[PDB]
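So the structure is just underneath, and the comments pick up after that.
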Amino acid sequence: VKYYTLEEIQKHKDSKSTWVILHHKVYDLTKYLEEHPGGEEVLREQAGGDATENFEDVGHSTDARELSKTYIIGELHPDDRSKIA
Ligand code: HEM
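Those letters in the sequence shown? Residues 4 to 88, per the deposited numbering, in order.
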């Protein structure tokens, strides 16, 4: 797997590179950023951030499962990820 620093998602909080920490796994939905039927902001607004709950809360359908996976590159340092815990 590919472990990215929390610094990434951050700098990657723009359209160019839209990342979102999902279940200890960043989702490069850059291409599917404006394609998102829900909203392009809901993603960006909290892209680099953590939209895990904001992603699971909405309850993504299988259709997403395929995409999400397809739009997977790797996870972010889970060391700084558990900064809350
Ligand atoms: C890997 C990237 C993502 C994919 C492939 C994806 C895919 C989808 C798909 C197919 C829908 C179907 C309907 C549903 O799930 O209820 C959806 C809905 C939704 N997604 Fe995502 N999603 C992604 C990331 C996100 C993120 C990061 C957020 C939040 C920040 C988000 C928020 C939502 C919301 C709120 C809905 C339904 C809202 C509505 O249609 O008004 N999604 N997503």
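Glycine residues also receive a C-beta, built at the ideal position from the N, C-alpha and C atoms.
Determine the burial state of residue i: buried for a count of at least 16 other Cβ atoms within 10 Å of its Cβ, exposed for fewer.
i: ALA54; result: buried
i: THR73; result: exposed
i: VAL4; result: exposed
Return the CA-CA distance between residue i and residue j, expressed in angstroms with no decimal places.
i: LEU46; j: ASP82; result: 23 Å
i: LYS28; j: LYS16; result: 15 Å
i: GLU11; j: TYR30; result: 12 Å
i: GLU78; j: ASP66; result: 21 Å
i: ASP60; j: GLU69; result: 18 Å
i: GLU38; j: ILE76; result: 18 Å
i: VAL23; j: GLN49; result: 7 Å
In terms of residues, what are the limits of the alpha helix (DSSP H) holding residue i?
i: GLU78; result: Element bounds for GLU78: not the alpha helix (DSSP H) but the beta strand (DSSP E), 75-79.
i: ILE24; result: That residue, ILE24, is in no alpha helix (DSSP H); it is neither H nor E in DSSP.
i: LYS14; result: 9-14
i: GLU56; result: 55-59
i: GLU44; result: 44-47
Closer than 6 Å by C-beta to residue i: which residues in its own chain qualify, once you throw out the five before and the five after it? Chain order, please.
i: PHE58; result: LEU25
Using a threshold of 7 Å, is the CB atom of residue i nearer than that to any non-hydrogen atom of the ligand FMN?
i: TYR7; result: The ligand FMN is not part of this structure, which contains only the ligand HEM.
Under 8 Å Cβ to Cβ from residue i, same chain only, skipping five residues before and after it: list those, please.
i: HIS63; result: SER71
i: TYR35; result: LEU70 and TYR74
i: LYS14; result: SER20 and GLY51
i: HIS80; result: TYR6, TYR7, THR8 and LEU9
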